[PDB]
Amino acid sequence: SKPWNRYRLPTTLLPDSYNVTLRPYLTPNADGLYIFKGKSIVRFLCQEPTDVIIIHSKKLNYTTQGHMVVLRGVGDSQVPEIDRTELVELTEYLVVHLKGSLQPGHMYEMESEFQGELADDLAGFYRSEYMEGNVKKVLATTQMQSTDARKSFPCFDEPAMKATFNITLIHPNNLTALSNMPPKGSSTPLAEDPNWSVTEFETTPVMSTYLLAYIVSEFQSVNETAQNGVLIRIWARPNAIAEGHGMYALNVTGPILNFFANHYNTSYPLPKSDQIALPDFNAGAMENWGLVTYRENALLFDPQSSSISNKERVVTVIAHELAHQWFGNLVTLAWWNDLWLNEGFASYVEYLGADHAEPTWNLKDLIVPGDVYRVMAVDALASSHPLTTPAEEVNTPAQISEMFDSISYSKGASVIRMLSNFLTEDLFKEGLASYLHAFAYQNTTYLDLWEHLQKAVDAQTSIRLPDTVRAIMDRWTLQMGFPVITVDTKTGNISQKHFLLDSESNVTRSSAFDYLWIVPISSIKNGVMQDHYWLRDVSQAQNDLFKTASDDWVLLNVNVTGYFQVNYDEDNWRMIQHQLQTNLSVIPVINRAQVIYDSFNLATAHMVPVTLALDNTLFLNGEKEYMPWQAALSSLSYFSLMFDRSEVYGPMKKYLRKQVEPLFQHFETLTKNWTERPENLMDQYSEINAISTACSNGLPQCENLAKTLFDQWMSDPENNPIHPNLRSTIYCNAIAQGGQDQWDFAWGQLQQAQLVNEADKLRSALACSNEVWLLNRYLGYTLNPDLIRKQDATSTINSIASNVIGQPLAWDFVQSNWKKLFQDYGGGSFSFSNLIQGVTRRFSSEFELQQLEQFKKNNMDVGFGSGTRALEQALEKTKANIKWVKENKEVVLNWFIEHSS
Amino acid sequence: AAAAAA
Ligand SMILES: *[C@@H]1O[C@H](CO)[C@@H](O[C@@H]2O[C@H](CO)[C@@H](O)[C@H](O)[C@H]2NC(C)=O)[C@H](O)[C@H]1NC(C)=O
Ligand SMILES: *[C@@H]1O[C@H](CO)[C@@H](O[C@@H]2O[C@H](CO)[C@@H](O)[C@H](O)[C@H]2NC(C)=O)[C@H](O)[C@H]1NC(C)=O
Ligand SMILES: *[C@@H]1O[C@H](CO)[C@@H](O[C@@H]2O[C@H](CO)[C@@H](O)[C@H](O)[C@H]2NC(C)=O)[C@H](O)[C@H]1NC(C)=O
Ligand SMILES: *[C@@H]1O[C@H](CO)[C@@H](O[C@@H]2O[C@H](CO)[C@@H](O)[C@H](O)[C@H]2NC(C)=O)[C@H](O)[C@H]1NC(C)=O
Ligand SMILES: *[C@@H]1O[C@H](CO)[C@@H](O[C@@H]2O[C@H](CO)[C@@H](O)[C@H](O)[C@H]2NC(C)=O)[C@H](O)[C@H]1NC(C)=O
Ligand SMILES: *[C@@H]1O[C@H](CO)[C@@H](O)[C@H](O)[C@H]1NC(C)=O
Ligand SMILES: *[C@@H]1O[C@H](CO)[C@@H](O)[C@H](O)[C@H]1NC(C)=O
Ligand SMILES: *[C@@H]1O[C@H](CO)[C@@H](O)[C@H](O)[C@H]1NC(C)=O
Ligand SMILES: *[C@@H]1O[C@H](CO)[C@@H](O)[C@H](O)[C@H]1NC(C)=O
Ligand SMILES: *[C@@H]1O[C@H](CO)[C@@H](O)[C@H](O)[C@H]1NC(C)=O
Ligand SMILES: [Zn+2]
């Protein structure tokens, strides 16, 4: 095979440094084509003799004099003549065939001139269009991750092939140019046309291609100079800056960077930090070294209209991206198969960095609902996959893209947190420092971190492990899934088995370990911490730590630091329940949530009866804290989805109304009649969920609150009296109770909304009407770009479908309008998969299955496109629902009847 | 954007 037909680069040539000059043209040509021009020189060293240069190039046209490149020797080195240059599209290469061989130890410079489309494709060097008044603005920006640096200039575009970069931007003289590094000095006029300026940037450190960035825009900044001279700037649209929306990001950045410099035992490795808010950046955020990009909703914050969960999103997303400025950027994983270590690490430490900026919020707890239980839903499937993938199976750009999923990020985070916990943070930080210092400006595999952590373990006598760090972590990284740990408290016997939600599933992926793990197990007995225990790679063991007396109780996995779920014999469950009903504060709040999370999953897997899971919600009438209530609500939304059109619903409603009333009443006093929010984040979250649960289950005191506040708003439109935290519930319930006066008022507010997040809440609340006619009229609007944006059409139809009354209307509308498929699957995506999922989510009967089959019977032309598999998934999900309702209906009805009084 | 929602 020829090397230019292989996806991995040769190792014969390694880059030293690059000069790259880019010039975006932000005015289109005659035909509406936007382009950029560039010029580059790469200096590389020959390691082994070769008569071919292979370098990456994607969607670039070459205008170099002669062949596509010019090739020179550095210093007094001679250079072979070029035979020919060709582009090989499949493997994204520019190939320079030479008439003789390059020589080991010699350096060469390769110069090229090129151009590409400055497309609106969020890839490489690209354009982004947005509105300022009647005016349409266009800026130029970059997204290299993973394999798109090559789409902006020819480069050895693999993460381990690091080099220094000298970037220059040629741009309109009234626009600002930003890159990884500071400008060298003031811009100078382009001599051939002084309407353009030339901005040169300081040389980057040795770094990876995927982390480069350069941006040309009208943006402005808010700034601060940290004590060590590091300049910090938040960049955004002029009007966003003037509004003060960059201030929260600016406030937290300084503390976050200080936290990480200390955590990592390493100085921030750059002279400045720019972070930029881009309108509609669909990738969310990108950790470009010294110039981190974000979508606006992720970086900007409007105190007057934004909720607290909004603030939580800003501080954690910043902490995540800043974490990479060391872990990922300074020390880079050598290949994409180890992506999980980079993203998993940042996904864990984002909570630590954010906790430093907001220390009263207990943010570290949020990893449990946010990543652990979230990823366990997909890792408890037969179709999961290990964190680890062999390097040689990850080759194409598409294979690289598949590394970026829930397992890599959320299981990565969970497993790393588990590791830090069983090591202790102090020891983990020691190894982490050692790793960063040894590999700074270089590349690694996950085995290198384990080695440095082992060095830390071996240098102390306190923490003793049952095996090497690598052998333990291999159990968590080389095989998919996680165990359920089951304890028999009468004997103290403990067992582990691979946990699958579907007790009838066939696992066909084989494990080198037979799905046995080495498991760290903390425990608490009658509210007192016990000695730590390790379950070895055995199915079964026994320890007196897990043996109780019938008045005692024991609980495993404190704070769910371990990546596993726990089951007990029935008597121990009842003892835990008794404790939660008589003095809950003895069980850590995270474990009060765990009991609910785990037991609903166990009931799904048929390991406990569903009534045991429901019994675990009974303590909630005395619960004031956020997480355990959130656990219940996440675990019951499926119950509500299946039963909200059945005789089960009244009793379920009555049951939830009874559980939530004391909490609603608690906050009524605490908030001084809803006039002031709880102080800390968790309590604000608890209040939000309490109002939401109250209103949606028909608590009269909540309905009355919603009506009063919305009435008050309608009588004084410019002064919204509803705190951002409570808007989504208050808006929804007031519209549900009301009619066309409320609906028309909210529609008018939607059409003048300036802020995306406010517009979203309104769009969602409008779907809460209980008038069939209003919902059909609304559906009719969803396909009009004048009234409802394209990108919002399917969300809106979905919100309507989630209304019990809107369910038939949306389903009818989708079936009947399906042929908006020969109109919306050609110019722009239009997520069809999410629409199918959304409107079919409820289906739980044979009759509904028939309709979905009957409907599918229209493959005869049309097809489905982006949602072809989504439809198949809807048929399989409906069958699973049919079977679940049949097994569960009778038992669940009687439980709710029995416990609603 | 990379954080991790609950
Ligand atoms: C990018 O700019 C840097 C820094 O100015 C250049 O580094 C110089 O390179 C030469 C080797 O050609 C060294 O002798 C000098 O000592 C370097 N200066 C410094 C400050 O390191 C670098 O060569 C440039 N890259 C390219 C491709 O030209
Ligand atoms: C890469 O760019 C740098 C900076 O423009 C070039 O170095 C400059 O070379 C000019 C002559 O063209 C001199 O005025 C300066 O001595 C250089 N400036 C600095 C900061 O070193 C460099 O020659 C370019 N690299 C290559 C291989 O052409
Ligand atoms: C930068 O200069 C450009 C070119 O004059 C300005 O772009 C024009 O701006 C007005 C808006 O008042 C439009 O009517 C023209 O269509 C724009 N021309 C182009 C080619 O886009 C721009 O306003 C100036 N921006 C700043 C920040 O000074
Ligand atoms: C990827 O990283 C490895 C280190 O893990 C680099 O290998 C080292 O190169 C440095 C020079 O900076 C030498 O000091 C070390 O002796 C090497 N250590 C080894 C081999 O363990 C390697 O250079 C990197 N790969 C590339 C292409 O740069
Ligand atoms: C389990 O998690 C809780 C927090 O949810 C831990 O309690 C925190 O402990 C640290 C250090 O003592 C304090 O800074 C916090 O103020 C505590 N928060 C609360 C709400 O009490 C607790 O230490 C963890 N349990 C174990 C065994 O590690
Ligand atoms: C690249 O060249 C092709 C073929 O000549 C042409 O269709 C395309 O527009 C060119 N693109 C740019 C950005 O110049
Ligand atoms: C930023 O910090 C200042 C000073 O502490 C504070 O007044 C302001 O409320 C903060 N801004 C935001 C949006 O939190
Ligand atoms: C790294 O940690 C050591 C040990 O506490 C300390 O003396 C040193 O100041 C630290 N260096 C940095 C850059 O944090
Ligand atoms: C507990 O394990 C012991 C030792 O293997 C065994 O004799 C016993 O049957 C187990 N009992 C239960 C109830 O699991
Ligand atoms: C509940 O437990 C905590 C911790 O032991 C203790 O402070 C308190 O006295 C207990 N309260 C009641 C009412 O049992
Ligand atoms: Zn990340």
Side-chain angles (χ1 to χ4, degrees), chain A residues 362-369 372-373 417-418 420-422 424-425 463 484-495 519-535 541-602 608 612-632 635 659 662-663 666 680 682-683 686:
Chain A
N362 290 287
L363 291 172
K364 295 172 165 188
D365 295 352
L366 290 182
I367 200 165
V368 173
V372 185
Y373 282 106
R417 175 171 167 261
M418 173 171 67
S420 175
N421 269 277
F422 79 68
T424 72
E425 182 168 82
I463 303 306
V484 48
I485 304 297
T486 305
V487 175
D488 173 26
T489 55
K490 299 209 276 158
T491 63
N493 284 8
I494 169 163
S495 79
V519 194
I521 301 172
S522 60
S523 67
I524 195 165
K525 175 170 285 184
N526 301 333
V528 179
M529 287 297 299
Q530 296 203 118
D531 282 353
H532 189 259
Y533 178 77
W534 285 91
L535 187 62
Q542 192 287 330
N543 198 285
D544 283 0
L545 293 165
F546 315 124
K547 188 179 171 158
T548 61
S550 28
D551 44 9
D552 293 342
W553 57 265
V554 70
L555 205 50
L556 272 59
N557 211 10
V558 185
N559 286 341
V560 190
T561 61
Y563 188 70
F564 61 91
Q565 295 184 44
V566 181
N567 197 15
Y568 310 96
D569 60 282
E570 223 146 59
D571 293 329
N572 193 64
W573 280 122
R574 298 325 157 181
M575 292 306 286
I576 291 161
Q577 293 167 10
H578 181 78
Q579 186 73 53
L580 294 166
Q581 273 133 250
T582 64
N583 192 352
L584 55 74
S585 85
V586 152
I587 292 165
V589 60
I590 295 173
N591 290 280
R592 308 204 291 269
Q594 176 211 30
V595 159
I596 302 180
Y597 281 125
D598 286 12
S599 64
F600 278 90
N601 286 328
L602 297 163
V608 299
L612 184 155
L614 295 161
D615 282 350
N616 285 341
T617 66
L618 288 162
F619 78 98
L620 286 173
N621 65 309
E623 177 73 78
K624 312 157 163 46
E625 300 193 41
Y626 159 76
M627 204 180 294
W629 265 106
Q630 183 61 72
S635 308
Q659 295 294 258
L663 197 48
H666 163 77
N680 72 29
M682 289 309 162
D683 297 347
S686 187

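Labels below follow one simple rule: chain letters A, B, ... track the order of the sequence lines, proteins then strands, and each chain is numbered from 1. As a basis for the values below, the full set of heavy atoms in this structure was taken, side chains included, without hydrogen atoms, waters or symmetry mates.
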### Message
Within this structure, what is the CD-CG distance for the pair A:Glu625 and A:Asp683, rounded to the nearest 0.5 Å?
### Response
7.0 Å
### Query
Quick one: side-chain contact (heavy atoms from CB on, under 4.5 Å) partners of A:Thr561, sequence neighbours excluded?
A:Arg417, A:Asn421, A:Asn557, A:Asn559
### Message
Is there a side-chain contact between A:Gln577 and A:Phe619 in this structure, where contact means two heavy atoms from C-beta onward sitting under 4.5 Å apart?
### Response
no
### Query
Which atom pair, heavy atoms only, marks the closest approach of A:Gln530 to A:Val554?
NE2-CG2, 3.9 Å
### Message
Between A:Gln594 and A:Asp598 (side chain of the first, backbone of the second, donor and acceptor by atom type, cut-off under 3.5 Å), is there such a pair?
### Response
no
### Query
Would you say A:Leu663 and A:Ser686 make side-chain contact, with heavy atoms under 4.5 Å?
yes
### Summary
Note: A:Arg592 and A:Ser585 closest approach over all heavy atoms is NH1-CA, 4.1 Å
### Query
Hey, are the side chains of A:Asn567 and A:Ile485 touching, using non-hydrogen atoms and a 4.5 Å cut-off?
no
### Task
Check whether any side-chain heavy atom of A:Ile494 sits under 4.5 Å from a side-chain heavy atom of A:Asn543, and report yes or no.
no
### Query
Checking side chain to side chain contact (heavy atoms under 4.5 Å, CB included) for the pair A:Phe600/A:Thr617: CA distance, chi angles, key distance, verdict?
CA-CA 10 Å; A:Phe600 278 90; A:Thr617 66; 4.0 Å; yes
### Query
Can you pull the salt bridge (charged side-chain N to carboxylate O under 4.0 Å, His left out) pairs that have at least one residue in residues 562-581 of chain A, sequence neighbours excluded?
A:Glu570-A:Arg574, A:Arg574-A:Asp615
### Query
Can you find a heavy atom in the side chain of A:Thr491 that is under 4.5 Å from one in the side chain of A:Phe546?
no
#### Entry: Verdict with reasoning, A:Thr548 to A:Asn572, per side chain to side chain contact (heavy atoms under 4.5 Å, CB included)
CA-CA 8 Å; A:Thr548 61; A:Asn572 193 64; 4.3 Å; yes
### Query
Can you tell me how far CG of A:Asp552 sits from CG of A:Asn526, rounded to the nearest 0.5 angstrom?
4.0 Å
### Message
To check you understand the geometry: which heavy-atom pair defines the closest contact between A:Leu612 and A:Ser599, and what is its length?
### Response
CD2-CB, 4.2 Å
### Task
Drop me the distance from A:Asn601's CG to A:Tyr373's OH, to the nearest 0.5 angstrom.
8.0 Å
### Message
Using the ring centroid of each side chain, check whether A:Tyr568 and A:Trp553 are separated by less than 6.0 Å.
### Response
no
### Message
Less than 4.5 Å apart, side chain to side chain, heavy atoms only: is that true for A:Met682 and A:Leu366?
### Response
yes
### Task
Show your working on side chain to side chain contact (heavy atoms under 4.5 Å, CB included) between A:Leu620 and A:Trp629 and close with a plain yes or no.
CA-CA 7 Å; A:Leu620 286 173; A:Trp629 265 106; 3.8 Å; yes
### Over 12 foreign heavy atoms within 6.0 Å of NE2, A:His532
yes
### Summary
dist A:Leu556:CG -> A:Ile524:CD1 (nearest 0.5 Å) comes out at 11.0 Å
### Task
With sequence neighbours left out, write down each residue that passes side-chain hydrogen bond (donor to acceptor under 3.5 Å, both in side chains) with A:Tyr563, or none if nothing qualifies.
A:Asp379
### Message
Does any part of the side chain of A:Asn616, heavy atoms only, come nearer than 4.5 Å to the side chain of A:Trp573, both counted from C-beta?
### Response
yes
### Atom CG of A:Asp531 with >12 non-hydrogen neighbours under 6.0 angstrom
no
### Query
Taking A:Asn362 for the side chain and A:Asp365 for the main chain, is one N or O donor matched with an acceptor at less than 3.5 Å?
no
#### Entry: Closest heavy-atom pair and its distance - A:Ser522, A:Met529
CB-CE, 4.5 Å
### Side-chain heavy-atom pair A:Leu618, A:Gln581 within 4.5 angstrom cut-off
yes
### Message
Would you compute the distance between atom CD1 of A:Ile596 and atom CD of A:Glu623 and round it to the nearest 0.5 angstrom?
### Response
8.0 Å
### Summary
Closest non-hydrogen contact found for A:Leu584 with A:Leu580 is CB-O, 3.6 Å
### Minimal non-hydrogen separation, A:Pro662 against A:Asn621, with atom names
CB-O, 3.5 Å
